[PDB]
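>>> please find the sequence and an experimentally derived structure below.
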Amino acid sequence: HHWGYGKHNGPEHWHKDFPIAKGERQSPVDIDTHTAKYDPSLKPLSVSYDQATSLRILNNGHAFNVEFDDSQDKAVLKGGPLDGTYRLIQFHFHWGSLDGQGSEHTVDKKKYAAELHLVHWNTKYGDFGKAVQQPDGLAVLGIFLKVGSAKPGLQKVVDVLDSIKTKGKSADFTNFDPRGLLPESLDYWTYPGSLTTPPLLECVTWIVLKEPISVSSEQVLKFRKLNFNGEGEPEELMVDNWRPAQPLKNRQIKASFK
Ligand SMILES: OC[C@H]1O[C@@H](O)[C@H](O)[C@@H](O)[C@@H]1O
Ligand SMILES: OC[C@H]1O[C@@H](O)[C@H](O)[C@@H](O)[C@@H]1O
Ligand SMILES: OC[C@H]1O[C@H](O)[C@H](O)[C@@H](O)[C@@H]1O
Ligand SMILES: Nc1ccc(S(N)(=O)=O)cc1
Ligand SMILES: Nc1ccc(S(N)(=O)=O)cc1
Ligand SMILES: Nc1ccc(S(N)(=O)=O)cc1
Ligand SMILES: [Zn+2]
């Protein structure tokens, strides 16, 4: 009964070990596009990934993380709602058992097939661990995935998954360019929220891009061949690793675009 995504240990149970699950700033949320308001105070968003240094890909039993060298300002996120510089540490996805579900955020209640999270920490706090003690410690860039044409910049990820099928397996994953996971437009919504997995800490400025990326059915089908379980254990396919939308409470979602 470690946390997970089963009927016995999924999102409806997390509050028992992580009472912040019922907090005032939880994520994800439904993005009501008609209520979100353009904010002229937002500065231009800068996604600066040209010098990124990927290192490894890990099946952590809940998703797979592509990890980056964050020992210095190499891949960073600035501008928009953010004060200062946020350094890329890892990205991962959430996805469904079927194309009709998988995203964490929803857009006018619409669920996408998957959602990419590029996770960054505020460099003024020195390390990720200190950043998650702060109300402005993290910035997560969220990108929706729909199923259509293949995303060429995702294929290297897809093709390594057979080598990290089970929990605890990792593989080298150097020289991966995360620019290849972005859509064309950087239009976004933003709001203050939390990590979407335990420990559910309320440290995140969410920046959710409006434009989805398209991936092929074959690409997302390979996500669904991963396992939540470790090697040797009964196979439990890694699917439906998403938390549903949580109450908006006393928050407003701002839009970068008129
Ligand atoms: O290899 C992935 C990326 O790594 C970066 O460090 C390089 O500067 C980019 O040119 C390259 O696309
Ligand atoms: O009092 C007026 C203000 O209300 C706030 O809730 C909105 O975020 C602002 O955009 C608006 O100017
Ligand atoms: O860029 C990520 C990975 O893509 C492919 O798997 C390459 O064969 C490997 O060398 C690289 O680490
Ligand atoms: N019954 C139960 C208790 C706690 C959890 S947890 N680790 O997700 O909070 C899950 C199920
Ligand atoms: N330094 C570090 C990088 C990535 C991660 S991970 N596996 O949580 O993405 C943890 C620590
Ligand atoms: N450690 C951690 C980092 C990011 C997230 S998420 N799913 O909110 O990006 C959850 C936990
Ligand atoms: Zn996530």
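Perfect, I can see it now. Numbering: from 1, shown residues only. Ligands and ions are numbered 1, 2, ... in the order given.
>>> ok, now which ones touch the closest residue to residue 230 other than its chain neighbours?
Distances taken as C-beta to C-beta, 6 or more residues apart in numbering place residue 167 nearest to residue 230, at 4.5 Å, with adjacent residues excluded. Placement of C-beta: from N, CA and C, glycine included. Going by C-beta atoms under 8 Å, 6 or more residues apart in numbering, residue 167 touches 59, 60, 61, 227, 228, 229, 230.
>>> now, the residues you listed that are in strands?
Within those, residues falling in strands by DSSP state E are residue 59.
>>> all strands for the stretch 101-250 of the chain, in order.
106-107, 114-122, 138-147, 170-172, 188-193, 204-209, 213-215 (DSSP state E, counting those that start in this stretch).
>>> now the second one: buried residues?
Spelled out, that is strand 114-122. Residues 114, 115, 116, 117, 118, 119, 120, 121, 122 are the ones in strand 114-122 that count as buried (16 or more other C-beta atoms under 10 Å).
>>> closest to residue 71 out of the residues you listed?
Among the buried residues of strand 114-122, residue 121 lies closest to residue 71 (C-beta to C-beta), at 12.2 Å.
>>> what about residue 78, helix or strand, and which?
Assigned by DSSP states H and E, residue 78 belongs to strand 76-80.
>>> chain center to that strand, what's the gap?
Relative to its chain's centre, strand 76-80 lies at 16 Å (C-alpha atoms, centre = their mean, to the nearest Å).
>>> and it, what does it pack against?
strand 43-48, strand 86-95, strand 114-122 (3 or more C-beta pairs under 8 Å, 6 or more residues apart in numbering; DSSP states H and E).
>>> want to throw these into CSV with distance to ligand 6?
Output for the helices and strands packed on strand 76-80, formatted as CSV (distance: least, C-beta to the nearest ligand atom, whole Å):
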stretch, distance to ligand 6
strand 43-48, 16
strand 86-95, 7
strand 114-122, 4
